[PDB]
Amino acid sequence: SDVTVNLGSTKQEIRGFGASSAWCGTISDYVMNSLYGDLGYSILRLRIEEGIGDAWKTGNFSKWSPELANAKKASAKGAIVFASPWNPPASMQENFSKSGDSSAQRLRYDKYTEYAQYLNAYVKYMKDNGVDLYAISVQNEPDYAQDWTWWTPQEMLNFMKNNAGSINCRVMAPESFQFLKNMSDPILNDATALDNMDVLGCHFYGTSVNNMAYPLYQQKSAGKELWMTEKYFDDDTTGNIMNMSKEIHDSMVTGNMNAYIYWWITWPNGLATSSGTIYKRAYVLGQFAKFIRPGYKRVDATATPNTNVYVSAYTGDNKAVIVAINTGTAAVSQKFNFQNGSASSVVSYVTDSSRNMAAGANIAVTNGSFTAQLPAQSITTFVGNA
């Protein structure tokens, strides 16, 4: 069946695509130039380093300098930058007994004010150094915390109502490890908390496709954004290339998300080595990042035109973008039809077992239509002038 791309019917606005510099120390220009320049990543996620301890109170920020350097490289390439904490400084924590386990850690209730000042100090350090942070997160995975700081949904709510309004930046929350709605529902159902939330962040570890849709957020979404802020895939084998291609599609199409941000950069389950090698997974994300620029909008496109074929489409800057994934083991031809606009022609870029965002066949668009071969187990991005 044909794919109909309706350029006149717009869906969510695209904030961007990116990865994280968390625990990467100071990333090289080489790696940032490859990811942020060549592949056009538009978002970088910093980890806020609690190893600073209380020294933030006296203004010695040196332990925050590696992520400042990362932020500056991303920004120079036009990316925005946000930051997530795994823990506050040790002095703000306390143990508590979590179902018989006395080792669990949480933020002291009497520290919520100090913690907001801490978050504000990170924002200001970045600002004084030339990086205006796009958003800052209350906690990374407050609901899978055994190795970090726990927050119940109610604890997160309390901070979001009473504290988060004093933060000098956009506020992101909750970053549930699986996008568990019980973690974000209290924020969305409280008028004050909702006011204090700019970006609803979530992670994909174990999230089923149907659970990527969030009706309550959609009904509450005026003035807000929804980002998938962390996911990784194990390696570059074709199964994971397809798993990753398909999930980004699902985050865009079923999730209606504004952004999809990969986990950390120079690591084996990451996108690169520190000496500048770039993994196939980086190019999978680039099929999105490079061509769908911040400010583009998703538009309606027939999403599953054939077995194992998944398609989404986007417009902006007088360009049309179609991302077509074929998870099948055989190449298939796919016909595409533009409505409410058209393109003179398109160029393609393909990632598969042998190719990394490789230039594809230039294709003429006739009567608003073009047909393409989609290789077996491949993701292809077509770009044309609208």
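So that there is no doubt, residue numbering starts at 1 and follows the sequence shown.
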**Asked** Out of 298-306 and 158-166, which stretch has the higher average CA B-factor listed in the record?
**Response** 298-306
**Message:** I need to verify one thing: averaged over C-alpha atoms only, is the B-factor higher for 281-289 or for 91-99?
**Reply:** 91-99
**Asked** When you compare the CA B-factors of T351, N70, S34, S62 as listed in the entry, which one comes out on top?
**Response** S62
**Asked** From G201, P142, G270, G130, pick the one with the largest CA B-factor in the entry?
**Response** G130
**Asked** For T381, does the deposited CA B-factor place it in the lowest, middle or highest third of the chain?
**Response** lowest
**Request:** Please place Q178 in the lowest, middle or highest third of its chain by C-alpha B factor as given in the entry.
**Result:** lowest
**Prompt:** Considering only modelled residues of the same chain, in which third does the CA B-factor of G25 rank: lowest, middle or highest?
**Reply:** middle
**Item:** Third of the chain's Cα B-factor distribution that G368 belongs to, per the entry
**Value:** highest
**Assigned third (lowest, middle, highest) for the C-alpha B factor of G53** = middle
